[PDB]
>>> print(open('entry-v6.pdb').read())   # PDB, C-alpha atoms
ATOM      1  CA  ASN T   1     185.155 152.243 217.157  1.00  0.00           C
ATOM      2  CA  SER T   2     185.472 148.781 215.678  1.00  0.00           C
ATOM      3  CA  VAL T   3     184.462 146.849 212.573  1.00  0.00           C
ATOM      4  CA  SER T   4     183.745 143.115 212.294  1.00  0.00           C
ATOM      5  CA  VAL T   5     185.452 140.859 209.717  1.00  0.00           C
ATOM      6  CA  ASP T   6     184.324 137.378 208.653  1.00  0.00           C
ATOM      7  CA  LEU T   7     186.850 134.539 208.824  1.00  0.00           C
ATOM      8  CA  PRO T   8     187.342 131.056 207.348  1.00  0.00           C
ATOM      9  CA  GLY T   9     185.832 128.715 209.828  1.00  0.00           C
ATOM     10  CA  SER T  10     182.787 130.143 211.517  1.00  0.00           C
ATOM     11  CA  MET T  11     184.925 132.776 213.262  1.00  0.00           C
ATOM     12  CA  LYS T  12     184.756 136.580 213.287  1.00  0.00           C
ATOM     13  CA  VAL T  13     187.414 139.119 214.289  1.00  0.00           C
ATOM     14  CA  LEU T  14     186.509 142.623 215.442  1.00  0.00           C
ATOM     15  CA  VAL T  15     189.210 145.089 214.375  1.00  0.00           C
ATOM     16  CA  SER T  16     189.833 148.696 215.420  1.00  0.00           C
ATOM     17  CA  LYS T  17     188.609 151.286 212.923  1.00  0.00           C
ATOM     18  CA  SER T  18     191.978 153.059 213.109  1.00  0.00           C
ATOM     19  CA  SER T  19     195.494 152.280 214.254  1.00  0.00           C
ATOM     20  CA  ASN T  20     196.965 153.349 217.584  1.00  0.00           C
ATOM     21  CA  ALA T  21     199.941 155.710 217.963  1.00  0.00           C
ATOM     22  CA  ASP T  22     202.364 152.878 217.129  1.00  0.00           C
ATOM     23  CA  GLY T  23     200.485 152.266 213.866  1.00  0.00           C
ATOM     24  CA  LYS T  24     198.856 149.043 215.091  1.00  0.00           C
ATOM     25  CA  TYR T  25     195.273 147.777 215.114  1.00  0.00           C
ATOM     26  CA  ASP T  26     193.624 146.085 218.087  1.00  0.00           C
ATOM     27  CA  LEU T  27     192.049 142.723 217.294  1.00  0.00           C
ATOM     28  CA  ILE T  28     189.311 140.945 219.242  1.00  0.00           C
ATOM     29  CA  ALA T  29     188.002 137.513 218.226  1.00  0.00           C
ATOM     30  CA  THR T  30     185.449 135.209 219.821  1.00  0.00           C
ATOM     31  CA  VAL T  31     186.039 131.575 218.839  1.00  0.00           C
ATOM     32  CA  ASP T  32     183.404 129.273 220.328  1.00  0.00           C
ATOM     33  CA  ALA T  33     183.458 130.300 224.001  1.00  0.00           C
ATOM     34  CA  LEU T  34     187.036 131.617 223.855  1.00  0.00           C
ATOM     35  CA  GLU T  35     187.861 135.312 223.816  1.00  0.00           C
ATOM     36  CA  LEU T  36     191.115 136.190 222.030  1.00  0.00           C
ATOM     37  CA  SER T  37     192.903 139.502 221.599  1.00  0.00           C
ATOM     38  CA  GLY T  38     195.878 140.736 219.677  1.00  0.00           C
ATOM     39  CA  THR T  39     197.304 143.263 217.287  1.00  0.00           C
ATOM     40  CA  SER T  40     198.186 143.737 213.629  1.00  0.00           C
ATOM     41  CA  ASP T  41     199.645 146.259 211.198  1.00  0.00           C
ATOM     42  CA  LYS T  42     196.617 145.992 208.911  1.00  0.00           C
ATOM     43  CA  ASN T  43     192.899 146.690 209.096  1.00  0.00           C
ATOM     44  CA  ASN T  44     191.627 143.721 207.091  1.00  0.00           C
ATOM     45  CA  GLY T  45     191.482 141.099 209.872  1.00  0.00           C
ATOM     46  CA  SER T  46     194.936 139.523 209.523  1.00  0.00           C
ATOM     47  CA  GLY T  47     197.187 139.233 212.561  1.00  0.00           C
ATOM     48  CA  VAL T  48     197.756 137.116 215.652  1.00  0.00           C
ATOM     49  CA  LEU T  49     195.477 136.806 218.682  1.00  0.00           C
ATOM     50  CA  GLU T  50     195.905 134.923 221.946  1.00  0.00           C
ATOM     51  CA  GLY T  51     193.668 133.754 224.741  1.00  0.00           C
ATOM     52  CA  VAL T  52     193.470 131.330 227.635  1.00  0.00           C
ATOM     53  CA  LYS T  53     190.990 128.495 228.171  1.00  0.00           C
ATOM     54  CA  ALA T  54     189.089 127.768 231.375  1.00  0.00           C
ATOM     55  CA  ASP T  55     191.543 124.920 232.100  1.00  0.00           C
ATOM     56  CA  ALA T  56     194.626 127.192 231.491  1.00  0.00           C
ATOM     57  CA  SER T  57     195.154 125.905 227.949  1.00  0.00           C
ATOM     58  CA  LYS T  58     196.739 128.637 225.841  1.00  0.00           C
ATOM     59  CA  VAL T  59     195.184 129.450 222.450  1.00  0.00           C
ATOM     60  CA  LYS T  60     196.587 131.320 219.459  1.00  0.00           C
ATOM     61  CA  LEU T  61     194.750 132.327 216.283  1.00  0.00           C
ATOM     62  CA  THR T  62     196.902 133.368 213.311  1.00  0.00           C
ATOM     63  CA  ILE T  63     195.272 134.949 210.247  1.00  0.00           C
ATOM     64  CA  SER T  64     197.641 135.338 207.286  1.00  0.00           C
ATOM     65  CA  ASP T  65     196.399 137.641 204.523  1.00  0.00           C
ATOM     66  CA  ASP T  66     199.316 136.573 202.274  1.00  0.00           C
ATOM     67  CA  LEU T  67     197.957 133.003 202.138  1.00  0.00           C
ATOM     68  CA  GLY T  68     194.367 133.673 203.272  1.00  0.00           C
ATOM     69  CA  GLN T  69     194.920 130.965 205.879  1.00  0.00           C
ATOM     70  CA  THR T  70     193.665 130.767 209.478  1.00  0.00           C
ATOM     71  CA  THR T  71     195.422 128.626 212.079  1.00  0.00           C
ATOM     72  CA  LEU T  72     193.979 127.920 215.525  1.00  0.00           C
ATOM     73  CA  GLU T  73     196.488 126.395 217.943  1.00  0.00           C
ATOM     74  CA  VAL T  74     195.603 125.043 221.392  1.00  0.00           C
ATOM     75  CA  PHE T  75     198.556 124.387 223.696  1.00  0.00           C
ATOM     76  CA  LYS T  76     199.004 123.030 227.191  1.00  0.00           C
ATOM     77  CA  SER T  77     199.471 125.479 230.049  1.00  0.00           C
ATOM     78  CA  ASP T  78     203.098 126.057 229.022  1.00  0.00           C
ATOM     79  CA  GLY T  79     201.987 127.633 225.737  1.00  0.00           C
ATOM     80  CA  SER T  80     204.294 125.319 223.796  1.00  0.00           C
ATOM     81  CA  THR T  81     203.127 121.692 223.948  1.00  0.00           C
ATOM     82  CA  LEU T  82     200.478 121.445 221.247  1.00  0.00           C
ATOM     83  CA  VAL T  83     197.095 119.882 221.930  1.00  0.00           C
ATOM     84  CA  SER T  84     195.244 120.701 218.714  1.00  0.00           C
ATOM     85  CA  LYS T  85     195.832 122.646 215.527  1.00  0.00           C
ATOM     86  CA  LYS T  86     193.067 123.554 213.065  1.00  0.00           C
ATOM     87  CA  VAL T  87     194.039 125.158 209.751  1.00  0.00           C
ATOM     88  CA  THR T  88     191.694 126.457 207.065  1.00  0.00           C
ATOM     89  CA  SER T  89     193.476 127.295 203.830  1.00  0.00           C
ATOM     90  CA  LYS T  90     192.234 129.870 201.345  1.00  0.00           C
ATOM     91  CA  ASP T  91     190.801 127.188 199.027  1.00  0.00           C
ATOM     92  CA  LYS T  92     188.696 126.051 202.035  1.00  0.00           C
ATOM     93  CA  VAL T  93     190.601 122.834 202.758  1.00  0.00           C
ATOM     94  CA  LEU T  94     190.536 122.055 206.493  1.00  0.00           C
ATOM     95  CA  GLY T  95     193.306 120.398 208.484  1.00  0.00           C
ATOM     96  CA  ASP T  96     192.450 119.092 211.975  1.00  0.00           C
ATOM     97  CA  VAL T  97     195.547 117.900 213.865  1.00  0.00           C
ATOM     98  CA  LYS T  98     195.560 116.065 217.195  1.00  0.00           C
ATOM     99  CA  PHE T  99     198.723 115.626 219.259  1.00  0.00           C
ATOM    100  CA  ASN T 100     199.905 113.107 221.846  1.00  0.00           C
ATOM    101  CA  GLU T 101     200.877 114.065 225.403  1.00  0.00           C
ATOM    102  CA  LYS T 102     204.406 114.979 224.306  1.00  0.00           C
ATOM    103  CA  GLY T 103     202.989 117.371 221.700  1.00  0.00           C
ATOM    104  CA  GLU T 104     203.775 115.248 218.648  1.00  0.00           C
ATOM    105  CA  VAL T 105     201.404 114.669 215.746  1.00  0.00           C
ATOM    106  CA  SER T 106     199.256 111.567 216.309  1.00  0.00           C
ATOM    107  CA  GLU T 107     196.192 112.192 214.069  1.00  0.00           C
ATOM    108  CA  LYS T 108     195.249 114.430 211.156  1.00  0.00           C
ATOM    109  CA  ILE T 109     191.949 114.834 209.318  1.00  0.00           C
ATOM    110  CA  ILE T 110     192.022 116.721 206.008  1.00  0.00           C
ATOM    111  CA  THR T 111     188.607 117.879 204.807  1.00  0.00           C
ATOM    112  CA  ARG T 112     188.438 118.728 201.118  1.00  0.00           C
ATOM    113  CA  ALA T 113     186.435 121.650 199.771  1.00  0.00           C
ATOM    114  CA  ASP T 114     183.701 119.231 198.676  1.00  0.00           C
ATOM    115  CA  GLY T 115     183.473 117.575 202.107  1.00  0.00           C
ATOM    116  CA  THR T 116     185.305 114.324 201.367  1.00  0.00           C
ATOM    117  CA  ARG T 117     187.996 113.534 203.927  1.00  0.00           C
ATOM    118  CA  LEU T 118     191.383 111.936 204.400  1.00  0.00           C
ATOM    119  CA  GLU T 119     191.701 110.508 207.924  1.00  0.00           C
ATOM    120  CA  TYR T 120     195.133 109.642 209.309  1.00  0.00           C
ATOM    121  CA  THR T 121     195.238 107.906 212.689  1.00  0.00           C
ATOM    122  CA  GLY T 122     197.916 106.205 214.748  1.00  0.00           C
ATOM    123  CA  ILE T 123     200.536 108.453 213.180  1.00  0.00           C
ATOM    124  CA  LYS T 124     204.074 107.521 214.198  1.00  0.00           C
ATOM    125  CA  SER T 125     207.322 109.447 214.403  1.00  0.00           C
ATOM    126  CA  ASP T 126     208.350 108.034 210.992  1.00  0.00           C
ATOM    127  CA  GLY T 127     205.236 109.482 209.314  1.00  0.00           C
ATOM    128  CA  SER T 128     203.439 106.154 208.994  1.00  0.00           C
ATOM    129  CA  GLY T 129     199.905 105.500 210.156  1.00  0.00           C
ATOM    130  CA  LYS T 130     196.504 104.167 209.213  1.00  0.00           C
ATOM    131  CA  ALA T 131     194.729 105.940 206.369  1.00  0.00           C
ATOM    132  CA  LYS T 132     191.108 106.247 205.403  1.00  0.00           C
ATOM    133  CA  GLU T 133     189.348 108.182 202.655  1.00  0.00           C
ATOM    134  CA  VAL T 134     185.737 109.197 203.232  1.00  0.00           C
ATOM    135  CA  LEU T 135     183.938 109.711 199.941  1.00  0.00           C
ATOM    136  CA  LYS T 136     180.285 110.148 199.104  1.00  0.00           C
ATOM    137  CA  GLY T 137     178.642 106.790 199.761  1.00  0.00           C
ATOM    138  CA  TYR T 138     181.699 104.763 200.750  1.00  0.00           C
ATOM    139  CA  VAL T 139     185.029 104.667 202.543  1.00  0.00           C
ATOM    140  CA  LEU T 140     188.463 103.489 201.322  1.00  0.00           C
ATOM    141  CA  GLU T 141     190.960 102.141 203.857  1.00  0.00           C
ATOM    142  CA  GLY T 142     194.709 101.770 203.732  1.00  0.00           C
ATOM    143  CA  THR T 143     198.026 102.986 205.041  1.00  0.00           C
ATOM    144  CA  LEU T 144     200.084 106.128 205.326  1.00  0.00           C
ATOM    145  CA  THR T 145     203.837 106.325 204.877  1.00  0.00           C
ATOM    146  CA  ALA T 146     206.101 109.331 204.454  1.00  0.00           C
ATOM    147  CA  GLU T 147     206.183 108.437 200.751  1.00  0.00           C
ATOM    148  CA  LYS T 148     202.453 108.152 200.006  1.00  0.00           C
ATOM    149  CA  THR T 149     198.959 107.308 201.127  1.00  0.00           C
ATOM    150  CA  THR T 150     197.793 103.941 199.762  1.00  0.00           C
ATOM    151  CA  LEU T 151     194.079 103.133 199.853  1.00  0.00           C
ATOM    152  CA  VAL T 152     193.210  99.566 198.842  1.00  0.00           C
ATOM    153  CA  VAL T 153     190.135  97.767 197.505  1.00  0.00           C
ATOM    154  CA  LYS T 154     190.410  93.983 197.254  1.00  0.00           C
ATOM    155  CA  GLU T 155     188.173  91.643 195.260  1.00  0.00           C
ATOM    156  CA  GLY T 156     189.253  88.018 195.076  1.00  0.00           C
ATOM    157  CA  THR T 157     192.791  87.901 193.668  1.00  0.00           C
ATOM    158  CA  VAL T 158     192.625  91.580 192.558  1.00  0.00           C
ATOM    159  CA  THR T 159     194.047  94.480 194.580  1.00  0.00           C
ATOM    160  CA  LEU T 160     193.250  98.040 193.479  1.00  0.00           C
ATOM    161  CA  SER T 161     195.567 100.632 195.019  1.00  0.00           C
ATOM    162  CA  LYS T 162     194.868 104.350 195.002  1.00  0.00           C
ATOM    163  CA  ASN T 163     198.047 106.227 195.869  1.00  0.00           C
ATOM    164  CA  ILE T 164     198.208 109.859 196.969  1.00  0.00           C
ATOM    165  CA  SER T 165     201.750 111.245 196.989  1.00  0.00           C
ATOM    166  CA  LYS T 166     203.078 113.621 199.648  1.00  0.00           C
ATOM    167  CA  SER T 167     202.530 116.392 197.107  1.00  0.00           C
ATOM    168  CA  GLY T 168     198.958 115.198 196.473  1.00  0.00           C
ATOM    169  CA  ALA T 169     199.446 113.554 193.077  1.00  0.00           C
ATOM    170  CA  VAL T 170     197.132 110.594 192.406  1.00  0.00           C
ATOM    171  CA  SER T 171     198.134 107.316 190.824  1.00  0.00           C
ATOM    172  CA  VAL T 172     196.214 104.042 190.690  1.00  0.00           C
ATOM    173  CA  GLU T 173     197.532 100.541 190.078  1.00  0.00           C
ATOM    174  CA  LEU T 174     196.001  97.091 189.804  1.00  0.00           C
ATOM    175  CA  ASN T 175     197.632  93.886 191.054  1.00  0.00           C
ATOM    176  CA  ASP T 176     196.086  90.496 190.249  1.00  0.00           C
ATOM    177  CA  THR T 177     197.484  87.283 191.712  1.00  0.00           C
ATOM    178  CA  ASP T 178     195.358  85.302 189.238  1.00  0.00           C
ATOM    179  CA  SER T 179     197.841  83.425 187.072  1.00  0.00           C
ATOM    180  CA  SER T 180     195.445  82.227 184.333  1.00  0.00           C
ATOM    181  CA  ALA T 181     196.202  84.214 181.173  1.00  0.00           C
ATOM    182  CA  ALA T 182     192.522  84.119 180.218  1.00  0.00           C
ATOM    183  CA  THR T 183     191.350  86.075 183.286  1.00  0.00           C
ATOM    184  CA  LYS T 184     194.261  87.954 184.919  1.00  0.00           C
ATOM    185  CA  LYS T 185     193.695  91.712 185.057  1.00  0.00           C
ATOM    186  CA  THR T 186     196.420  94.248 184.414  1.00  0.00           C
ATOM    187  CA  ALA T 187     196.065  97.999 184.181  1.00  0.00           C
ATOM    188  CA  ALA T 188     197.635 101.234 182.944  1.00  0.00           C
ATOM    189  CA  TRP T 189     197.245 104.661 184.576  1.00  0.00           C
ATOM    190  CA  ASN T 190     197.153 108.150 183.031  1.00  0.00           C
ATOM    191  CA  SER T 191     197.377 110.994 185.555  1.00  0.00           C
ATOM    192  CA  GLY T 192     196.356 113.685 183.057  1.00  0.00           C
ATOM    193  CA  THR T 193     193.016 112.039 182.217  1.00  0.00           C
ATOM    194  CA  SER T 194     192.966 110.421 185.714  1.00  0.00           C
ATOM    195  CA  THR T 195     192.060 107.107 184.091  1.00  0.00           C
ATOM    196  CA  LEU T 196     192.903 103.482 184.886  1.00  0.00           C
ATOM    197  CA  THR T 197     192.439 101.242 181.844  1.00  0.00           C
ATOM    198  CA  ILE T 198     191.958  97.590 182.779  1.00  0.00           C
ATOM    199  CA  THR T 199     192.988  94.841 180.335  1.00  0.00           C
ATOM    200  CA  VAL T 200     192.189  91.125 180.310  1.00  0.00           C
ATOM    201  CA  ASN T 201     193.659  88.743 177.719  1.00  0.00           C
ATOM    202  CA  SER T 202     195.022  91.608 175.573  1.00  0.00           C
ATOM    203  CA  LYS T 203     191.556  93.205 175.423  1.00  0.00           C
ATOM    204  CA  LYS T 204     190.590  96.432 177.198  1.00  0.00           C
ATOM    205  CA  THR T 205     187.619  95.808 179.516  1.00  0.00           C
ATOM    206  CA  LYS T 206     186.887  99.050 181.366  1.00  0.00           C
ATOM    207  CA  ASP T 207     188.165 102.516 182.226  1.00  0.00           C
ATOM    208  CA  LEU T 208     188.041 103.695 185.840  1.00  0.00           C
ATOM    209  CA  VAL T 209     188.176 107.508 185.996  1.00  0.00           C
ATOM    210  CA  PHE T 210     189.098 109.124 189.321  1.00  0.00           C
ATOM    211  CA  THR T 211     187.364 112.465 188.911  1.00  0.00           C
ATOM    212  CA  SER T 212     188.351 115.893 190.175  1.00  0.00           C
ATOM    213  CA  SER T 213     184.982 115.625 192.000  1.00  0.00           C
ATOM    214  CA  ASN T 214     186.571 112.878 194.161  1.00  0.00           C
ATOM    215  CA  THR T 215     184.290 110.265 192.588  1.00  0.00           C
ATOM    216  CA  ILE T 216     185.028 107.158 190.539  1.00  0.00           C
ATOM    217  CA  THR T 217     183.325 106.370 187.246  1.00  0.00           C
ATOM    218  CA  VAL T 218     183.354 103.119 185.298  1.00  0.00           C
ATOM    219  CA  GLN T 219     182.866 102.739 181.559  1.00  0.00           C
ATOM    220  CA  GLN T 220     182.832  99.428 179.680  1.00  0.00           C
ATOM    221  CA  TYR T 221     184.571  98.501 176.441  1.00  0.00           C
ATOM    222  CA  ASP T 222     182.932  96.233 173.900  1.00  0.00           C
ATOM    223  CA  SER T 223     183.657  92.512 174.249  1.00  0.00           C
ATOM    224  CA  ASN T 224     186.516  92.717 171.724  1.00  0.00           C
ATOM    225  CA  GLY T 225     188.093  95.716 173.469  1.00  0.00           C
ATOM    226  CA  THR T 226     188.026  97.835 170.324  1.00  0.00           C
ATOM    227  CA  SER T 227     185.908 100.702 171.680  1.00  0.00           C
ATOM    228  CA  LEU T 228     184.348 102.178 174.758  1.00  0.00           C
ATOM    229  CA  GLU T 229     180.606 101.534 174.880  1.00  0.00           C
ATOM    230  CA  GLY T 230     177.775 103.545 176.402  1.00  0.00           C
ATOM    231  CA  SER T 231     178.748 106.188 178.894  1.00  0.00           C
ATOM    232  CA  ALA T 232     180.588 106.379 182.190  1.00  0.00           C
ATOM    233  CA  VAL T 233     178.645 105.487 185.341  1.00  0.00           C
ATOM    234  CA  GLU T 234     179.443 107.245 188.605  1.00  0.00           C
ATOM    235  CA  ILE T 235     180.158 104.843 191.473  1.00  0.00           C
ATOM    236  CA  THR T 236     178.027 105.351 194.591  1.00  0.00           C
ATOM    237  CA  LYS T 237     178.762 102.213 196.660  1.00  0.00           C
ATOM    238  CA  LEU T 238     181.854 100.234 197.549  1.00  0.00           C
ATOM    239  CA  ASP T 239     180.037  97.173 196.169  1.00  0.00           C
ATOM    240  CA  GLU T 240     180.120  98.717 192.686  1.00  0.00           C
ATOM    241  CA  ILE T 241     183.890  99.275 192.757  1.00  0.00           C
ATOM    242  CA  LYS T 242     184.450  95.672 193.834  1.00  0.00           C
ATOM    243  CA  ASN T 243     182.123  94.522 191.021  1.00  0.00           C
ATOM    244  CA  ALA T 244     184.304  96.412 188.537  1.00  0.00           C
ATOM    245  CA  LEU T 245     187.300  94.329 189.703  1.00  0.00           C
ATOM    246  CA  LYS T 246     185.699  90.902 189.125  1.00  0.00           C
TER
END
>>> encode(input="entry-v6.pdb", output="structure tokens")
Amino acid sequence: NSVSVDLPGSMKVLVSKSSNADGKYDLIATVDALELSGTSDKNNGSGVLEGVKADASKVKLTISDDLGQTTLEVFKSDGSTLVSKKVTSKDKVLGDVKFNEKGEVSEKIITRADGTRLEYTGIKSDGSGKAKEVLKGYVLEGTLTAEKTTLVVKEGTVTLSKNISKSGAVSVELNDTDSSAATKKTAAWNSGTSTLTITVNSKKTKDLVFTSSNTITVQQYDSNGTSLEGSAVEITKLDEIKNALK
């Protein structure tokens, strides 16, 4: 009769064992308390399903085999003004979009495959908003623009900026308003090694690595800056990042 198929999210779609006379498969999905039904040309679980909420909100679930992506849309009663959109991509990144009363984006949470998050709130029509990154053990705060996300960590005269481009590319820069040549920090960034090298007084002092694990490590140079010493230490607290900027 029917066969069940597991879906990204905690969702399941029951699909017809065989296609009807028009070549199509019947799809039934239960998503939380919602019952959704639809059709598809394939037997694997891809397709589009629709349902209605108790309060007349319209719901649409789209499963795209070509991208392995599942999109759950909740609309107002018109079926067009968006209330919420949840997208799980095939690499298990989650996007959780909230809309204002005119159906425009106002918030988005991106959850990475490891569970760290980018939280965008107060999003405006120009693509600007407040940004926050939720890492393991600490949170980075900053701003969103249509050009980039900028998370900032300040320590005295030093500002560390972690930038995430619209395409997702990371860069880091260090700005120090200290004007004494003996103490002012400057820094150079390498995207390929994901490393910020901090210099003071023409001597390297430490490398900050921004790991593909979404962690930060710090490794000291010797006091003459001629060599890295010891081994890199993974940051676990915001206090430790600020300490690195003293």
>>> residues_around(input="entry-v6.pdb", residues="region 91-95 of chain T", least_positions_apart="6", cutoff="9 Å", atoms="all atoms listed in the file", output="list in words")
residues 8, 9, 68, 69, 85, 108, 109, 110, 111, 112, 113, 114 and 115 of chain T
>>> residues_around(input="entry-v6.pdb", residues="residue 124 (chain T)", least_positions_apart="2", cutoff="12 Å", atoms="only C-alpha atoms", output="MDAnalysis selection string")
chainID T and resid 99:100 104:108 120:122 126:130 143:146
>>> residues_near_point(input="entry-v6.pdb", point="(183.3, 139.6, 213.2)", cutoff="10 Å", atoms="all atoms listed in the file", output="number ranges by chain")
T: 2-7, 10-15, 28-30, 45
>>> residues_around(input="entry-v6.pdb", residues="region 156-160 of chain T", least_positions_apart="4", cutoff="12 Å", atoms="only C-alpha atoms", output="tab-separated table (two decimals) with C-alpha atoms, keeping the file's coordinate frame")
chain	number	residue	atom	x	y	z
T	140	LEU	CA	188.46	103.49	201.32
T	141	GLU	CA	190.96	102.14	203.86
T	142	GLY	CA	194.71	101.77	203.73
T	150	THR	CA	197.79	103.94	199.76
T	151	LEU	CA	194.08	103.13	199.85
T	152	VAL	CA	193.21	99.57	198.84
T	171	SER	CA	198.13	107.32	190.82
T	172	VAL	CA	196.21	104.04	190.69
T	173	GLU	CA	197.53	100.54	190.08
T	174	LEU	CA	196.00	97.09	189.80
T	175	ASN	CA	197.63	93.89	191.05
T	176	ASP	CA	196.09	90.50	190.25
T	177	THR	CA	197.48	87.28	191.71
T	178	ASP	CA	195.36	85.30	189.24
T	179	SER	CA	197.84	83.42	187.07
T	180	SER	CA	195.44	82.23	184.33
T	183	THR	CA	191.35	86.08	183.29
T	184	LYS	CA	194.26	87.95	184.92
T	185	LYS	CA	193.70	91.71	185.06
T	186	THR	CA	196.42	94.25	184.41
T	187	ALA	CA	196.06	98.00	184.18
T	188	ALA	CA	197.64	101.23	182.94
T	189	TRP	CA	197.24	104.66	184.58
T	196	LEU	CA	192.90	103.48	184.89
T	198	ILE	CA	191.96	97.59	182.78
T	208	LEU	CA	188.04	103.70	185.84
T	241	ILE	CA	183.89	99.28	192.76
T	242	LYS	CA	184.45	95.67	193.83
T	243	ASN	CA	182.12	94.52	191.02
T	244	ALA	CA	184.30	96.41	188.54
T	245	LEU	CA	187.30	94.33	189.70
T	246	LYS	CA	185.70	90.90	189.12
>>> axis_aligned_box(input="entry-v6.pdb", around="region 49-65 of chain T", padding_each_side="3 Å", output="JSON")
{"center_x": 193.4, "center_y": 131.3, "center_z": 218.3, "size_x": 14.6, "size_y": 18.7, "size_z": 33.6}
>>> closest_residue(input="entry-v6.pdb", among="T:43, T:239, T:61, T:202", to="residue 226 (chain T)", atoms="all atoms listed in the file")
T:202
>>> residues_around(input="entry-v6.pdb", residues="residue 24 (chain T)", least_positions_apart="2", cutoff="8 Å", atoms="all atoms listed in the file", output="PyMOL selection string")
chain T and resi 19-22+26+39-42
>>> closest_residue(input="entry-v6.pdb", among="T:205, T:195, T:64, T:57", to="residue 79 (chain T)", atoms="only C-alpha atoms")
T:57
>>> closest_residue(input="entry-v6.pdb", among="T:44, T:236, T:231, T:167", to="residue 139 (chain T)", atoms="all atoms listed in the file")
T:236
>>> closest_residue(input="entry-v6.pdb", among="T:211, T:190, T:84, T:46", to="residue 96 (chain T)", atoms="all atoms listed in the file")
T:84
>>> atom_distance(input="entry-v6.pdb", atom1="CA of residue 194 (chain T)", atom2="CA of residue 232 (chain T)")
13.5 Å
>>> resolve_selection(input="entry-v6.pdb", expression="the PyMOL selection byres ((chain T and resi 52) around 12)", output="JSON, numbers by chain")
{"T": [30, 31, 33, 34, 35, 36, 37, 49, 50, 51, 53, 54, 55, 56, 57, 58, 59, 60, 61, 73, 74, 75, 76, 77, 78, 79]}
>>> closest_residue(input="entry-v6.pdb", among="T:25, T:221, T:138, T:210", to="residue 117 (chain T)", atoms="all atoms listed in the file")
T:138
>>> closest_residue(input="entry-v6.pdb", among="T:89, T:212, T:199, T:71", to="residue 224 (chain T)", atoms="only C-alpha atoms")
T:199
>>> atom_distance(input="entry-v6.pdb", atom1="CA of residue 88 (chain T)", atom2="CA of residue 72 (chain T)")
8.9 Å
>>> atom_distance(input="entry-v6.pdb", atom1="CA of residue 70 (chain T)", atom2="CA of residue 23 (chain T)")
23.0 Å
>>> build_atoms(input="entry-v6.pdb", residues="region 70-80 of chain T", atoms="N, CA, C and O atoms", output="PDB file, in the frame of the given file")
ATOM      1  N   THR T  70     193.903 130.541 208.054  1.00  0.00           N
ATOM      2  CA  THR T  70     193.665 130.767 209.478  1.00  0.00           C
ATOM      3  C   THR T  70     194.073 129.526 210.247  1.00  0.00           C
ATOM      4  O   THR T  70     193.651 128.413 209.909  1.00  0.00           O
ATOM      5  N   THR T  71     194.892 129.718 211.277  1.00  0.00           N
ATOM      6  CA  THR T  71     195.422 128.626 212.079  1.00  0.00           C
ATOM      7  C   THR T  71     195.009 128.852 213.523  1.00  0.00           C
ATOM      8  O   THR T  71     195.273 129.923 214.076  1.00  0.00           O
ATOM      9  N   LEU T  72     194.352 127.864 214.121  1.00  0.00           N
ATOM     10  CA  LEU T  72     193.979 127.920 215.525  1.00  0.00           C
ATOM     11  C   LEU T  72     194.781 126.856 216.246  1.00  0.00           C
ATOM     12  O   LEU T  72     194.655 125.671 215.930  1.00  0.00           O
ATOM     13  N   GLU T  73     195.626 127.282 217.182  1.00  0.00           N
ATOM     14  CA  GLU T  73     196.488 126.395 217.943  1.00  0.00           C
ATOM     15  C   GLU T  73     196.005 126.389 219.385  1.00  0.00           C
ATOM     16  O   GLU T  73     195.736 127.452 219.947  1.00  0.00           O
ATOM     17  N   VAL T  74     195.871 125.203 219.963  1.00  0.00           N
ATOM     18  CA  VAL T  74     195.603 125.043 221.392  1.00  0.00           C
ATOM     19  C   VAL T  74     196.799 124.322 221.989  1.00  0.00           C
ATOM     20  O   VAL T  74     197.217 123.270 221.487  1.00  0.00           O
ATOM     21  N   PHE T  75     197.371 124.906 223.040  1.00  0.00           N
ATOM     22  CA  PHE T  75     198.556 124.387 223.696  1.00  0.00           C
ATOM     23  C   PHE T  75     198.188 123.959 225.111  1.00  0.00           C
ATOM     24  O   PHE T  75     197.131 124.316 225.635  1.00  0.00           O
ATOM     25  N   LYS T  76     199.100 123.225 225.747  1.00  0.00           N
ATOM     26  CA  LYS T  76     199.004 123.030 227.191  1.00  0.00           C
ATOM     27  C   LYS T  76     199.307 124.340 227.907  1.00  0.00           C
ATOM     28  O   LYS T  76     199.556 125.383 227.292  1.00  0.00           O
ATOM     29  N   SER T  77     199.307 124.273 229.244  1.00  0.00           N
ATOM     30  CA  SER T  77     199.471 125.479 230.049  1.00  0.00           C
ATOM     31  C   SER T  77     200.792 126.186 229.789  1.00  0.00           C
ATOM     32  O   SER T  77     200.904 127.395 230.030  1.00  0.00           O
ATOM     33  N   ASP T  78     201.809 125.453 229.340  1.00  0.00           N
ATOM     34  CA  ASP T  78     203.098 126.057 229.022  1.00  0.00           C
ATOM     35  C   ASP T  78     203.052 126.968 227.792  1.00  0.00           C
ATOM     36  O   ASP T  78     203.993 127.738 227.568  1.00  0.00           O
ATOM     37  N   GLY T  79     201.983 126.919 227.004  1.00  0.00           N
ATOM     38  CA  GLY T  79     201.987 127.633 225.737  1.00  0.00           C
ATOM     39  C   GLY T  79     202.913 127.078 224.678  1.00  0.00           C
ATOM     40  O   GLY T  79     203.214 127.781 223.708  1.00  0.00           O
ATOM     41  N   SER T  80     203.385 125.836 224.817  1.00  0.00           N
ATOM     42  CA  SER T  80     204.294 125.319 223.796  1.00  0.00           C
ATOM     43  C   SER T  80     203.992 123.888 223.363  1.00  0.00           C
ATOM     44  O   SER T  80     204.234 123.530 222.208  1.00  0.00           O
TER      45      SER T  80
END
